[PDB]
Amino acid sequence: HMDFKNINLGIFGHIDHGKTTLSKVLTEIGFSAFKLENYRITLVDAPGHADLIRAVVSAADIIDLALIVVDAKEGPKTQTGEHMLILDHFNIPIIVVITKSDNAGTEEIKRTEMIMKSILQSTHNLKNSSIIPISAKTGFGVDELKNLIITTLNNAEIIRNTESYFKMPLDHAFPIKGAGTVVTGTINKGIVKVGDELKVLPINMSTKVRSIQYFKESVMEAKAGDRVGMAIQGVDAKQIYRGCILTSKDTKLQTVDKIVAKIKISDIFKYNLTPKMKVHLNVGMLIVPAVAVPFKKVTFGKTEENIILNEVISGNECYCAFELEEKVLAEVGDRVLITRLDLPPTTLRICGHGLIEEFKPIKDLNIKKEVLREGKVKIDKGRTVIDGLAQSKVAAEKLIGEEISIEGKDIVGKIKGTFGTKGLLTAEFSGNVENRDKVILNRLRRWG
């Protein structure tokens, strides 16, 4: 017959916003799926709030499209935002579905329609995503919603990664006996054939593939993008839990403590750069508490240095040395999501996102503080004295022999001695110095 394409569709939104209903309506035309044209669409499913989060962070590569539900009457709520945020960071195309239109009037729907249009424009990649009001109870516009899911899937660029090593997380696992266990999850990268030797991590055991169940059917082979049931031998189900990962023996996956990411910030104004900051880092399917130290990379003409952020976020660089409290399974290039989930669900909880560049402790990145103090040149009859670089005489004496330049005048000098008990200073610089000139002290420090 015809060749099918395997799609994963996520459904996101506030609870009570018509998630489950929208699912049932789609499923009727674990594993719940449906066909549209030659698309086999498997729903990406988790019960709610923080689960769908853990779901996107992990399965981002394979989630082709998402539906974001928002109640017609009461419009977007707090959860509606964070899902939108997350989907935007991971560049997952969305359709906004306005649910319970049967329970609202034209005016009310049009309102919520526009509130979402305003919101969508405030996002990078979702800038203009279609919006449909439907009523799952009534059937209102449900037909159009399917035609849209097709159109979207037709446009979106779907890249299945077959070429690399087999990489697959494990959602649920359940036993049969001591010599077997059945694990489920959607394949990220690679390929599996029945009768292959793989391994579970982090516990690092070696198992063989007894059965591949895909789409209520047994197959000899699965590919990336396929959500498959898998029975493997050499592991009991008790050892395999929420964070486990089934992958081949050529795996690039590592068990990691220190993570160095290139971080893009979600909202600038909610962001703060006070280093050594306690957050919850999303890697793979887990959420580990962490400590972050933001820095930028700076070439001084000879050697590139890692400088603690000058608090300027002008220029997109926010490398972040993370130090995790627990361990985690990661690869270089894996998208990482910084959250603050300690906070109540009533406020937006995403402190950004980023790609993993390196696995390296701060102690090796050789962090350095860009250091600037500022004084002025005060000159009486025949004497020049720099003021403000030092508070007292002892502080000033520490500065003797340092590098000093004058702002705007393209001129250099060196600071020789101390004058007075109030921390004034003297210096020998190139001539043509004037009263009330600006003195910029410049040096590198060992940070923290």
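Position 1 is the first residue in the sequence shown; the rest follow in order.
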query	finding
Between neighbours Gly30 and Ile29, residues that the deposited sequence lists but the model omits	10 or more
Stretch with the higher entry mean CA B-factor, where the candidates are 316-324 and 72-80	316-324
106-114 versus 299-307 - greater average Cα B-factor per the deposited record	299-307
Highest-ranked of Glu37, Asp380, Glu407, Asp64 once sorted by CA temperature factor in the record	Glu407
Of the residues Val96, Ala173, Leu145, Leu126, the one carrying the largest Cα B-factor as recorded	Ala173
CA B-factor placement of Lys249, once the chain's modelled residues are sorted into thirds	highest
Third of the chain's Cα B-factor distribution that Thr42 belongs to, per the entry	lowest
Relative C-alpha B-factor of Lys177, binned into the chain's lowest, middle or highest third	highest
Modelled-residue ranking by C-alpha temperature factor, third containing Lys369	highest
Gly141 by Cα B-factor - lowest, middle or highest third of the modelled chain	lowest
